[PDB]
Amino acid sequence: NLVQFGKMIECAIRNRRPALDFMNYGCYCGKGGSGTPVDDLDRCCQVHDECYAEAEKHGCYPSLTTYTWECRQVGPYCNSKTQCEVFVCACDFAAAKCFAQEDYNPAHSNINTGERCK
């Protein structure tokens, strides 16, 4: 669920920035979901959106999913059981690792998505 994804980001990126930074960034970081991603970080978010949308297509509801995971020395680690929770944990896991790897450009935060993401 939302809080878990937040804690998972924090874990992956070693609390280098607030998880809240990833909620208003580029064309895809935040809720939905259009145009060309402004950079590879934003593309993390696009792939994440696609992942959730696959999950929902198959009967999961990512916003209602509370999965099982742990923050380990090596990073976030999914330890879920049911199909949906395994699927949704793995969406969040790939996005969090992606965020840890990619550059965060402050000029790409809080962009006019109305105008720049069509």
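Throughout, we count residues from 1 along the sequence that is shown.
For the pair 46-54 and 27-35, the mean B factor over Cα atoms is greater in 27-35.
Judged by mean Cα B factor in the deposited record, 13-21 ranks above the other of 13-21 and 91-99. Compared with the other modelled residues of the chain, the Cα B-factor recorded for residue 86 ranks in the lowest third.
The PDB entry assigns residue 1 a C-alpha temperature factor belonging to the middle third of its chain's modelled residues.
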